[PDB]
Structures are given as structure tokens and as C-alpha cells.
Amino acid sequence: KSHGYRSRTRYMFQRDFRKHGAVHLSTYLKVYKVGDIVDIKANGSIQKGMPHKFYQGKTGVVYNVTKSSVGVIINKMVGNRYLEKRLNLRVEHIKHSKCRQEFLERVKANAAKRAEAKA
Amino acid sequence: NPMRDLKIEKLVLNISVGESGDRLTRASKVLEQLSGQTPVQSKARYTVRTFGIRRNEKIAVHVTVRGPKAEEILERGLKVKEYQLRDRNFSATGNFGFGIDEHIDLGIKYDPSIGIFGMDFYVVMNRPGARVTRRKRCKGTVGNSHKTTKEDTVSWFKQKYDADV
Amino acid sequence: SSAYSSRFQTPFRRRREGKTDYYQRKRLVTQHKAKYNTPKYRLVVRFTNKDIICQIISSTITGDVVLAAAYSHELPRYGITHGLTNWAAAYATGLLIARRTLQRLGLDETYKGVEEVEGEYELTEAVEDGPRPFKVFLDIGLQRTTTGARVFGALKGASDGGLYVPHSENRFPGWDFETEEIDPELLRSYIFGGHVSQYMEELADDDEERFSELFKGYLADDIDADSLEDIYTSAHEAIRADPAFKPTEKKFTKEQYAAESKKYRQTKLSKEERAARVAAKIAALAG
Amino acid sequence: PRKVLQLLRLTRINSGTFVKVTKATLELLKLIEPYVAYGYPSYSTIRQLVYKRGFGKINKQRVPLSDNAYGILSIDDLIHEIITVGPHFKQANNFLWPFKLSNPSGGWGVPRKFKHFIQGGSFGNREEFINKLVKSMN
RNA sequence: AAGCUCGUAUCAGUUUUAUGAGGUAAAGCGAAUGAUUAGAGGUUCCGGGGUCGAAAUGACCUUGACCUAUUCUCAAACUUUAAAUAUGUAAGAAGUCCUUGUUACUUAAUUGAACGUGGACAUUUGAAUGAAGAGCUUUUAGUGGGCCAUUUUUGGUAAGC
RNA sequence: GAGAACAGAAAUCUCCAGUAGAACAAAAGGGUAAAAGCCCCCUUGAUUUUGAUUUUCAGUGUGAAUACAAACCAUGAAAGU
RNA sequence: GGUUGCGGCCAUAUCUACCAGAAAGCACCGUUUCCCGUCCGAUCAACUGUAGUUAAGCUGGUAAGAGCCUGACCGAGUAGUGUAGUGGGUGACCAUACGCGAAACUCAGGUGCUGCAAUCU
């Protein structure tokens, strides 16, 4: 009925199930990378590392790393045109990804030279 | 066995005034000097009839000691109540604890001992286990030792030799 | 003696036991922590009942790691056989455990660089530094922060020669009011110490022949065995200069060897030891 | 399902391409099933459906036009691939504006067509009985 | 409308593999909450009916009053569990792999960071399918009262509302 | 479950042994347990300069809010904040 | 085997009730002269070197038992849903086509437990 900045969020910005408090001090270790692709995922414990709604679920790529807890950024883009907007999120809210085919970049290249000598 | 156990917790001494001063201002002194320790007053969280229509403040004194002044509790145990407390008769558990009523009387009055008048006739039991889970750091649940006061903490107010059994 | 039910909704950690996975860890290991980066930390000594542990660990990984060691559970062999946990073995295992004892890096960024251990040991401020690492930050543990007391003294005795822990005046053992400072006191206890003075007390007993190798005991009025067994020993990584290891021992690796029958119970304590190892246990009979 | 059709590339009423039975093919097929008609080619049906209306971005002369191949040539080779697809194969099928087949020709396909599968009609994937409803056309 | 710039670059209202995001359909109350059926068992407590009964009557007693293992049925604004549809990304590959070089950065630095040189292999051995290139710049009309259906729904007895 | 004298359903006092049912000004929802609640200790960051960001699927200024830079302080033993 | 700082999932993570515990390690425990701390109170806090204990704590085993599992089989190819019809029925609804496709219920094997660094008999 009103349009405040967390509106509708009641279940999106949800929490847990039983993991209902306190950052996994792992989810806190780990190092960014002025290039590595991050995947937003808000968590009410924090609160800059709350990503203002829309950018929920959306995966992008670290463009800033103010690594002093200040997570990175990335952007993404949105509807009509895609005008890519950038958002400075915080270290406790973002997460890695499935660029995990570089595992198959490797698999490829390597197995492919072992294919050179093989052929 | 049977390696360790039995000791006298603390002598939770408490009067329940019901005013400000110079009344509580007394139950203090009294307590204090029957005590040697000083006097932790008591709050007053909130209101109703019989006066005590005050915010959490001024209406009793807490000062309660322990240890060496052990006997200093039974220093009217036997005495005050002729070494007889809530007796008879089922499961030998006769109200693990002991009745009371307010105390005091003293602007002149004379020292004690008994006197000071009836008072907080408890500071008692509840079985056993260990020693410091009321600890700090790496805290914990006491062991699984002893009987719910009663079948234990009675047979050690039964060897201060007196009535309740 | 009560209930249970649908008590299906906890839990908490292994610091249900007591580890302060609290703002504790995640605030020493953060920041430093990012702004950079990919390394940093920063070492803490937390005392046992008998032995005084000063593990100079630093954060991260699967699980936080050990830059080196420390721990005065044997500042005895190294010259100091009675007085375990004497709040100058905080000075001791201070420098002597970690600090200078730390390390390879360590002794190396020292023993020529940094060093100044203490360049004193009299006595006052800071005692800070001016180049540079391994800049280890304190991280007590849980223990309460009582002006003057073991912990915040492993500090003041440790970095009295070495690291850049950042230890401030205020709480360092002794001295306050109303303002600083207060110079002498520390100089004293630091110099194990003021249990000499406490060794004034005349009546029944005390130690033993450790009250005969003691007694004097530096007294006199304290300057012969107290601040001497100290002074000397109380120079252990500086004077007495040794490993933090130090004599690794390794005589540990020797003492197993030693268990004394049989199996065990749980049995896996037998075999375990029995040489280093013998059967399964931590292998095929445990985690 | 529109854009599907568009990319499975068949923009005309009674028209029709050929597409390999690969799950990125299949899946698509089904997303369309409702409104198309997954036959499943025969040999002869390919021959004729080639040669007859089937050919070129413009007609037919063997190794002639059919040797912008260049993998290999022969109208009978466009077939000899297509009708046993695999190998360089179906960049071959990148070639043939496809169909412009005849409206039912002889038979119609029973009653109601524009919805179906079994249950009669059309709209579905015969086999076998995939040819005939083609057999009458080119 | 006018046109640029150059020719497989790469493009897609599309599936496919890998990886995320969802709490609505459903489902669920001998699970949270909040509703509601029904009797059971208290070796249970505060009272209205009776009893040896009758004024701190011990003791049992009949309706309520909270447990305790059960029973019955529900939820837009409740819930563990949780779909389908739709929704983010990624893809073969300018990419890895190797060598070192730059200083404001912070690490104690043979610490990394960011950038750059020299060097090996790309037409590439799951993605599929499609291209009347593709990108790009200006400009200036009309338009802003909309209406139908199928499914999904809000109000309302209903409506050609 | 313990000890009651104006208390005695309790208004309020002190002991002991377990569902987050409380508390966070104010609506509702999120969140929060060595805390984000409560008792103490010390301060005035509710600070200067900018800029960038985010919030109409957002290209419009506004309010609000996020991460930085440069200063200048607080507070802790610290890392921090 | 313990002990220190740990990661983890942090009920796929505890309860609860009994036991049992060599070796070491921690614990309990002795003690107030100092630093320091009690809304009172050396309990807590901290502060100093061995008189006495495994009794707790801890550790592990028992219940099969309360918790969540983890898997699979009926449950279930249902319930629900993507598309389709000039399908059925007054209507409500419903069936059939291809496609996705659960949850509760129960049957089982787990039990909280892996594993990091440094130590240590």
C-alpha cells in the first residue's frame, strides 16, 4: 500500500530456517578480486550488505573492492534499454559463483596438449 | 564414594521494609552490623495498594554473606527456632525450607543474637553435583550428583542436629 | 525433572563451550581482513591453570594457523624452574615466548633488525617499536580486562622487546588514579617481581628447597634471587637467546615410548603413543 | 512458441524443414509440438522431398550447383547425408529454403487437424504415417 | 526520413549443460503461531455441588480450572517442507599457461596487488538452432479517451458492472 | 520448588534448576542472546571538505540511504568500531 | 589419547537418563601480601606456589528412545502445474493429450561428527 525501500521484502530479505543469526566467520574470511564474478544474496544480519531489493538474486562482477569490508560492486543492467547501474554492496552479503567451468578450461587446454602428444 | 560434598552456600539475609527513610534507613544498619558486610538495598518495581507506590527503589535490604561466617547463619538456626524447622512427615521432606515473617525493631533496642524479631528464616537447599558452573568462561551444567536437596540436603541439616525430620 | 518436547530449534557451535566465535574472532581477524589484501594477524596468549599458553597464532585458512609458538609450560629448562605462571613469565613467555621467540621471521626480522629486547629492561614506556613487523595484535581471549594482571602483561613484557602489538599504558600492571604512569611498579613486577616482597611474610612454610634455593629468595630486600633468577633468566630470548622451540623436545617425540599399559581403556590411547603410533585410534578407531 | 518456430526456421503455412534428433532440437520440437507436426522422414520421402520440390536456394544441376557443397556433392549426396545425418552433415541442411509443400494434396488428415496428436488430427509426431501426410506434397 | 562506419566481429522475446535466485500451487497442524471438535489419564491445583460431613476437619467426592499421551477439522494479511511457469547469470573460449618489469597503494618482504614486455597453442574434441551483417548518429510526426476475449485473479447477491 | 511481617491472588522483597515465549521510542514486518536486549565505564562522528553510489522496470531534481577519499576526533589492550 | 586458537554444517547440530575414565593434559580445587573487583558479599573478577580430589566438568559408551537426519521403496507418477482441443457436464466442475513434477505419511542405516594448524604423555 506504501512504497518504502524494503517494501514487499518480508520474505525475500528473509532469514535462515535455523541458521537464524551470526555470520559464518568463513563467509567473512575469503578474498575478493577486482575481477571475479560475485552473486548478490542479502542477509539481514548485516546492513549495507543489504542490496536494495531489485539487485536481489542478481549475479554480476566486482568493480571496486574497497576491501575494507566494503564489498565490491559489479552492476548488471535493467529493462527498456539495459543501462548498467553499479551498486556498492558489502563483504558479508555477496557470494562466489559457477564460473566453475575454468575447471574445464583447464581440462580442455591441458587434455588438449596431452592430445597434441597423443595425436 | 563419597569423595567430596556438603557446605553452606550463603546466608541470604533479607528484611522487607516497605518505605523510604528513616525506616529502611535502619533495617540497613541492623542488617549491616549483624553483618559486617554492607547493605544492598532492594528495588520496588512498581505499585499498588499497601503503599509501595514507587518505581523500582527503596523498600528492603539484601545484604547476604557466606563461607566462614557459615555458622553465622545457624547462629540462630538451632537458637531462633530451637533447632526445629518445618517438620513432619511425608518422604521426610518437610517443606525443605522454613517459614518467616518480617523483622527489625531498633532505634534504641538491644543487640543480638536472636532478637531483631523473627526475620528471614531461610537461605537453603536443592541437591548437588559440583562447584563452579556458576563459573565464568567455559561454563556448564553441574554434574548428576546428589538428591533434590531433600534426601540429601536434609541429612545435612540433620547433622546440625535438630528438628524437621 | 521437567520436560523436552518439540524442542526442535537450536543450536550454536563448539563455542557453546566457550570460544567467543563472538565479535571476538570476527573482529580481530577483521579487519585485516580486507582493504587489501590476503594476509594479516596477530597473536594471543591465554593462560591455563598450570601452564601459560602464548600461542602466537594468526588467522585464516580452513582454520587459523600458528605463526610459531610460545607458551611457558617449560620456561623451566630455559632457566626458571619454580614460579610457573608468575605474572612475569608473562614478561617471560612474553618476549621469551613468541615476541623474540617469534621467530624465524622473526628472529630474522630481528636478532639484528627490530630486536630491542628490551634494549632496556628498565622500564617505563612505551614500550613500542619503530620497524616493524611481525606487528602481532593482542587478542586476549575471554579473560576480563582488569588493570594489571597476567594477560595484558604477557603483552607488556613481550613487546617490551619486539612486536608492535600496540599495547597502551593504562592497564599495564600497576599505576593509575588519577593519570599515569607509574614507572617503578612495572619495572618491578616485570622483574619477577613483587612476590619477592610478598615473600616477606614470616610464619608457616612457603615453597621447599625451592624455599631454600629461594628464601634468598632475593632478600636482603629483593635483588639477589628474585630479580636475579629473573634478570638473568628474565633475559631468555635476548640474554639466554634461544629458539622459541626452543629445545624443540621432541623429547616429546621421545616420551612415546611412554604410556604404561595397557589398552586402555578405550584402548586407542594404548597403541596411540606406543612409539608415536602403533595401531589405529585417530586412524582406524576415531575421527 | 512463435520465436521457436522462427528459429527452427519455418515461417510458412504448410511449409517444413528437417531437424536432427538432438535434445536442443527435441526440446524445441516439443515446445512447438502443439502447432507443428514432427513427422520422422522415410528414405523415398527424402528423395522426393529433396529432388521434387526439394532443392537449392535455386533449383538443381548435380556437382554443378550442388558443389558449393565443400564437404561433398550430388543431389543424391545431399540426400546421402541428410537421410543419415552426422558428419559435416547438417550445415548441409543449412541449405534448402526448405519447403513450400502442398496443402494435403490427396487426403486431409481426418476431421479436425489444428489440434491433435493421437486422438486424431495433426499437431503431433507421427513417424511413420509422417511421410504420407508429407507423401502427398512437394 | 536521412544517412554514417565496416563485413561473420558477432547478433537472438530460442532450447541445451553447469550454477544461482523464488515462497505460491500444493502440502501441514498426534511441528511454530492462531484458530477450532471430542471424550480419555492426572496418583494435579484454585471452587460451585455432597458425603464420615460442618467451622484452619483430615478424606474422598461431582462441573469448571492447567498439564499429559490422544481426536476432530482450518488460515490473504500463519509454517517447517516446498513445486510448475517464469527469472538471473556462465558457455567456445581473444582464453588460459609460462617469463619477468613498472610505484602512490598495504603486507616484514622473494606481499600481493593492478597494470606492461618476451614466450607455447586458437580455429579451437556438446553446446544446440537460427541470421537478409552489424554497429552507430542525428533529427521530426502523429499518440497520451482505449476496447475485446482465453487462463489468474480484487471488489460486488450479481452485470453486456 | 523454596523464606514471608503492612503482601495476603500479587502489587515488592531476597535462593535456587530447563522452549528465545522478552526487549529493542514509537505502525508492521525484518532482523538481533557473551547480542542489536540490561548494568556499569569513558566520549560528542548528530563532526569538515568533497565526489561517486543506491533508490520510478529510471534516462528528470528531491528525501532518504551505501562504499570510498582526504582531514579531525571519540572509544578499546587491542584488532576494531 | 588430550590441550590450545579453529572451519564447518552450525537439529543432516541436543537433549535425557545411566554407566565407565591408564598415561599424560584442563579441570575442580589451597591462598589474600600486593594490581585489581563486589548495588552487598575474594562467589565472579583477578592477584600468588602445592595441602586433596576424579566427584563433577569434560571424553567416550550404553539406550533406539526425543531430537534432523540420509537414502530408498509403497506413499507417488498423486497433489499442483506448462501448453491443446469446435473435448465431456445445467452448472460445479471434470477427462483426455503431450511435458514438468512435490509435500505430509513409513521402511530402513545413521546419532550429532567430521575434519585445520601448534602442541604435547
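Chain C uses Swiss-Prot numbers throughout; the residues present, in order, are 9-295.
When the header is checked for method, it gives X-ray crystallography, 4.0 Å.
Note that Cβ sites are derived from N, Cα and C of the backbone, with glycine treated the same way.
Record features (Swiss-Prot):
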- C:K164: ubiquitin cross-link (CROSSLNK)
- C:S167: phosphoserine (MOD_RES)
- C:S176: phosphoserine (MOD_RES)
- C:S235: phosphoserine (MOD_RES)
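Of all the recorded positions in the record (C:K164, C:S167, C:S235), the one with the smallest CA separation from C:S176 (phosphoserine) is C:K164. Counted within 10 Å of its Cβ, the other Cβ atoms near C:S235 (phosphoserine) come to 22, all protein chains included. In the three-state DSSP reading, C:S235 (phosphoserine) counts as helix. Cβ neighbours within 10 Å of C:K164 (ubiquitin cross-link), excluding its own Cβ and spanning all shown chains: 26. Around C:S167 (phosphoserine), taking its Cβ as the centre, 26 other Cβ atoms fall within 10 Å, counting all chains. Its Cβ taken as reference, C:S176 (phosphoserine) is surrounded by 13 other Cβ atoms within 10 Å in the chains shown.
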